[PDB]
Structure formats: structure tokens, C-alpha cells
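This text opens with one protein chain seen in two forms, each one given by itself as C-alpha cells under the names structure 1 and structure 2.
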Structure 1
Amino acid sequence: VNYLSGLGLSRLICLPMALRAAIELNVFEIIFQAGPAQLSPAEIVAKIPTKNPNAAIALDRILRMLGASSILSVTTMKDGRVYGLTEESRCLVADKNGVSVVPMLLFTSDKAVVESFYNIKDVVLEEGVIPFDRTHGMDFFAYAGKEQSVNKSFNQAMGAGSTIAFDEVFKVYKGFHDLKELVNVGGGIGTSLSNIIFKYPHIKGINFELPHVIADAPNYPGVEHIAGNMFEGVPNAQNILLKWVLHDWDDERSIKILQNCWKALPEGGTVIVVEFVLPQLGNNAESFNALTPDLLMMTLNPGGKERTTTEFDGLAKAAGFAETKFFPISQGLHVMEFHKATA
């Protein structure tokens, strides 16, 4: 047995912390500004606010780990290593509208989240334990209420993810056309509705959320914010959007959310669910796209989990939606329609 190189499994914790450091140092935007280029650490440090003469050697130590792990391209030239973007690190550069995966990556490796991960084994060992609650003494959404650093990191993570998800959704899914009104239950800071209205200008958007999220939201006109608790009830709605909400909750609570949605809808109204779906698993993007949020749910949320299409169908039917349709979008991302029948 190669125990010696098995010691190298410690890279697994080194690599995400190296990536977090490079993200926080703005490395990817700095490289991107040089053109589709490979920059030395010294050249990158020219764009970092530091008075430290040793900054470039230290940065090289972080970046060469990212290069060996194929996050950055690396080649050695007359003045040492030089680093460029790759197909996988391009997502770390903000696009025309300033969205990248960076807010999501900074949230999911945030100290509060990682600290809770130390107790994920307790979900195996003890019935009904939530690692985040045990670590922090309150559930995640209450914590985000009390702690603005985590509130902000999480709200921006969800907003960036919303833009990314809906850019993919609109490549495939057409079911938002002919809708006149959409209430986003647990809609975050309203970015989801903003993307939808950007594509379908006549849809009236109502974002239904907790107050600490609404207070943190940008003023999107055309998005009206309503404070409330989805477990107590949902405002009257022609149609409802449920994105990245059901996976936060166990089956019982998900069914309760969906029953409140059913009660708020008129005959012929629809709940549109946007989630990743557990693939039928391997070293591929679909698998990681479901398993990554699943482990985040396991550490953060009350019985939240990712689900198969069959499990989503079961939730819908148990909550009063006898008509369901499933729309694979991309790499495990799905849109699903839960329809309340017309006469």
C-alpha cells in the first residue's frame, strides 16, 4: 500500500482554502484583465493592495497548488511560473452584469458553515440533530437574522446563483410565457424575479420573504416585497415560484409549504419548482451538482436534502397537485410544474 502518497490526501483540505485565498485576493479578475495571457505572481501582485516585498513569493505558493490541481493553467518562463485562466476557472470571473460563482464559493466555505461541518457525523450518530444548530445554538435562518456577515454572504450567494440558474433555465424552459403574475415564496433578495421579468416584461413579481432578507435587498422596481412566514401562509397568488426552498426542508415541512401554496393559488394555478435533482452517480458535473448542495443541506438545514424526480412527484401529489411535469434544464438542474387543475 502506498501509505506515503496517501499522506497527500491532506491536499483535499488545502485546495479549497488556497482557492478561497486566491478569490479573496482578486486573482482571477486580475488575470482576466490581461486578455484571453498568463501572469506571473509578481505581475498579479502589481494589482493587489500590499506593501509586502515578499507578497509575490507567498502568492506563488498559493497559486502553484491551484495550478497543479488544474484550476489555473501554469507554465514556467524565464521569471518563474505564470498563471492563466482555464475552462474551469472562467466561472470565477464576473460577467457583463457582474455575476460569477464567487459569492457562492465564499458562502459555502464561510467559517460558520465550515465550523458546522465538523459535526456532520452527528446526523449519523444522533436522531434529529442539525449540525449548524448544535454548533451555533440556533438554526441557520435565525442565525442569518442575527449575524449580518452571514446574512449578506448567503443572500449574495443565492442571488448570484439565481442569475446563473435562470440564464440556464431560459435556454430550455418556456413555461413562464403567458403568465401574468408570479409570487416567489422564499424568493431571496428578489434576483430570481428580476431575471424572470427581464425576460417576460408583463409578469408582475411579488417576492415573499423573511424581513432580514428584504431589508438586504436592492430596490428592484417591478419586484414588490412582502414579509411573511411561508409555514403560516402564502399571499394569494396566480402562480408561485419555489426555487431552492423545498430542498431546505424535510418531507413533512416541504409538504406543508406546498399545501400553503395550493391554498393560495386559484384553479389552474401552478407552482414552478427550480431545483437540482439527484442523478441516476459518478465523477461528473450532474452528480456533483446534486451532491454538493445535499451535503450543505445536511450540515445547515432542518432535514433538508436533495431529491429524485420521483420524490418531488411524491411531494407534489401529497400536497394536492395531481398534475406534474418535469423539465430537465442542464447538468441536473430541473424546472418542475405542479399544476392545480382547472374545472
Structure 2
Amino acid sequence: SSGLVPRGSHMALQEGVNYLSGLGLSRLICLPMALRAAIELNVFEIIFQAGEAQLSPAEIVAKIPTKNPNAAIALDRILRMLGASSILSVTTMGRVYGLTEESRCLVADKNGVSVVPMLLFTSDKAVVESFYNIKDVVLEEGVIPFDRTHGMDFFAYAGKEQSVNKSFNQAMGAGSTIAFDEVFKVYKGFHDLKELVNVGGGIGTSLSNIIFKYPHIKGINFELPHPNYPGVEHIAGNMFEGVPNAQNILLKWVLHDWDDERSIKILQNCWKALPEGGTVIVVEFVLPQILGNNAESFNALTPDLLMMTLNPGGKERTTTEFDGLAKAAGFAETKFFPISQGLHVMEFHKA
């Protein structure tokens, strides 16, 4: 950075509160809805296909299935908002728009994975409608905002509206693939395992991907009664009643669905299923001890608030809190492995 900056004298303060600047807080609702529209119009892939390209609104709508003659002027009102917010790069000539580091993740990789399914689910109408009632969690004990908004719970609602069910399933699948891609680069604890029981989790995709990379692991997928992957045996059951005997257990985004008392009971059922020397491997985002405006913080705060609206008993936790859960279930040794951006793998070791 060029330039010499003297400490110098103290900046003179402005007088009064300028309420006109506070009107700009309306940017907070407009930006996510503008982003959602641009995702649904495929703007980011259209830009990417052009190659550090920057495209005019006319060039972008040329690739959108519309015949609306005013499409470009309409689209520019949306793109202007994304450019002002640094989601798109802008050159003012009208304006042309390109990708930024922030928006590269909206373009699917070689294997078709991006963050788009997560973003579309977390801003889905049924979820956003329930966010209007998040304050009820403060005011009334035991109220679930989604249930109050829709008169049924999230999974009952998703079973009626298949559009919400596809959207949720694709979101969890994308997030899991993204997180495990990073886990497999950093975490070394699968290396010498011979058996792993996945407790919770769903269809068995994450476990099958572990066994692909660690072919000596014999997998068991343990799940509630409702696609068999080789080397993955499927067992139906309720983890609050018991867990099948296990050399090692995998808990991938399970504990954050449950309050402390229920998370402790899951881990106690894990403890009694393990032999001496067995391990629980926990994959979770961890709340940083000091929050700030950074990816580590928002990767924990965002699922925390979505949980508050869909399932307020669940919550995100700090490393200290995770260690507290482990000790309440009788584990005496805990190991923490930072992966990236707040994602951690934790090992709870049975004596």
C-alpha cells in the first residue's frame, strides 16, 4: 500500500445524527432478494460462460429465455444493486458486470456443485415467512417460529410441498460435499480406522465418500426408519434409545440439531456403544470465541439463526461448549482439528 499516513491530529466529529444515512438500512432486505432473482435468472453462469468477462444487461438477457423487449432495462435494476454491494464487478462505460471473488462460488464446478442450493433454500419463501416470528423465541418459551407460521413442522411442510423438499435435500447435499471436500484435505483421523458407524446423517452419501477415500473402513449407516452403497450396511433405529456396537462413530451435523440435554444423551449412547479406545468423530461449524465480520463467524451465526426459526432447541456451539458436552457423556480426552472457515472436526476419545 503506497502512501505515508501520519497519525496527525484528531478527526473532527460530525454534529447530530444523520437519519438520511439510516434510510440505507433498507439495503439489507433488497440485496438478498436481488441476489435470489439473479441466481434464478442464471446471471452468474451466463457471465462465467463469457470467459474476467464483463457483460452488458443486453448481453446477459440475450442468454435468458425471454422475449420481453424491456428485459435488459428491468434486469439492470437488479444488477445495479448487486454491483453496488460488490457481488458483481462493475465498469461504467452503460454499465457492464462481471464476477467477483465473492460471487465465484455461485458457479458450479466440474462436478456440478456450487453454494446455490444452500442459498436458495435459506431464502425460500416458507423459511423467510417463519423468520417474521423469530422474536417469539425470545418472548415465549417453547414456541417454534416455523410451526407458528405454518401450523405444522418443517418436515411435515416439506412433505406436502415437494418443491421445499427438493430444495432442502439439495442444500444439505451440497453443503456436505463442500465441507467434506475440505475435511479430506486437512483431517488425518480416518487413516487407520477399520469400522465407522454413521449415526444420524441420512442416505449414506457422506459415509460412502469416506469409504471411497479410506477403503479399509467398514461402514454402518444408522438412521431412523424412513439406496445401498457397497461396504455400507444400513441399520434402522433411534439414537436416543441406543446406538449399535461401533468401533468408531461419525456425527456429521447432528449435535447442532439438539439442545444440551439431548446432545449429551446422544453422546452417552455413543459412549456405551464404543469399546475402550473408540472415538466419536464430530463434524460441525464452531462458533468463534471472538465474533466479527468474517467468514468464520457467519458460517456459525447463519445456521444458528436458521435453527432458531426452524428448530430453536438446536444451536451452534463454541469449542469450550463442545468439550463440555463430551465431559458430560464421560469422554476424558478431546481433540480439535480446525479445517477451514470455522469448520472443525472434533474427536471424543473413550478411555
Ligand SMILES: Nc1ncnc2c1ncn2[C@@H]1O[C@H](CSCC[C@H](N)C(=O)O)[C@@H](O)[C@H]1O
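In this text, rigid core is short for the largest set of C-alphas that superpose within 1.5 Å between two forms. Reference numbering: structure 1, starting with residue 1.
- Each of the two structures shows the same chain on its own, and it is structure 2 that derives from the form deposited without ligand SAH.
- Only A264, out of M104, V113, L92, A264, shows a C-alpha shift of 2 Å or more between the two structures on alignment of the rigid core.
- Comparing the forms between the two structures on their rigid core, the Cα displacement of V123 stays under 2 Å.
- Relative to the superposed core, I164 undergoes a C-alpha shift smaller than 2 Å between the two structures.
- Relative to the superposed core, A55 undergoes a Cα shift smaller than 2 Å between the two structures.
- Relative to the superposed core, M336 has its Cα moved 1.7 Å between the two structures.
- In the core-superposed comparison between the two structures, the CA atom of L296 travels 0.4 Å.
- Shown is the Cα shift of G228 between the two structures after rigid core superposition, which amounts to 5.3 Å.
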